[PDB]
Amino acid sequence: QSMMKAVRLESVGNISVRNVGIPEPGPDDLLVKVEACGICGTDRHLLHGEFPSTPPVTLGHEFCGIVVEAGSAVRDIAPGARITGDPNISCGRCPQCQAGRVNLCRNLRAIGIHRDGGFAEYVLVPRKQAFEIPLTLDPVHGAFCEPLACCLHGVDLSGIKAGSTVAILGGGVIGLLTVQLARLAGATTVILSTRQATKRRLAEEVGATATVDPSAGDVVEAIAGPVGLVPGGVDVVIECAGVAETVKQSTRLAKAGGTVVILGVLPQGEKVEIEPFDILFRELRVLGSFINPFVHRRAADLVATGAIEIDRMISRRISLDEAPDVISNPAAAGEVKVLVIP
């Protein structure tokens, strides 16, 4: 019996590297030897039961790798191909799915959450979830297609176009990918707010035209106020922090007629105040943006053509054995993305 290492969430709180069998693919699956899988802040939440899951299960939902076996029903992608995986499996038979709102599937299953994921030497990827990318690419770059696709869906919703002004709240990997996607979609002012200096400097290397530090003073006045960066507000605010303060500032940063996109996840049940008078009189749009419906191919192509800076986003590369400790502890100071390389 041929074995492999896998980082397994045994149950809420219990995570370790274990030896498991190499899975064998059904007729519509690909078996993929993982080149990289990214660690997400969702993975920490999954560990502490803050998001649901079906333990025991191999974590990891941000991965790419080389197809080493195809199932008998798969005929258009062969062994040797490189793919990135869309972890979100929609059912195709519920009313959300039949309306094209596949991200809102009521039977949604995610690879790395309800099915064994990418923190392992090998991972099973159903064919429909597999997106082919060039062999000439840097081997780890494909691991970014998933978080990039989430950001691209948000940027699509926002209406950013040539000449837009944009504020992004939060300088994690989502904020920083969003800075880049904002510039690519034509924004000529892209302001990023984040408390860490290192992350502000990185924002500027990957496209931010300015940055602000919310420790240093009132961000709303710094950005939107009479002597701020963009007096009267920006066209688009993208909230990428998932904390009450940034959600709360978002509408006051928007100009009249502007849009707020909520990418950040605030804990369930937690409440934040809005002012409906202002939403009406300034005709705002407040839009939730959830995962990656029909954008994975575009995301894969952006990475394939080198339109996105990926290398500066990688803070660290670790082994499978090191993963449980990194996932069990909070992120390090200037940390953007940690890649698990099996």
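Residue numbers run from 1 along the displayed sequence.
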If you take the mean CA temperature factor per stretch, which one wins between 189-197 and 267-275? 267-275
Which is higher on mean Cα B factor in this entry, 180-188 or 245-253? 245-253
Which one, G142, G217, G258, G118, has the peak C-alpha temperature factor per the PDB entry? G217
Entry record, C-alpha B-factors for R285, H48, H61, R298; the maximum is at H48
Chain thirds by Cα B factor, record data; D29 belongs to the highest
Modelled-residue ranking by C-alpha temperature factor, third containing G38: lowest
Tell me, lowest, middle or highest third: where does the Cα B factor of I133 rank within its chain? lowest
Please rank the C-alpha B-factors of the chain's modelled residues and tell me whether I168 sits in the lowest, middle or highest third. lowest
Using only modelled residues of the chain, where does the Cα B factor of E205 rank: lowest third, middle third or highest third? middle
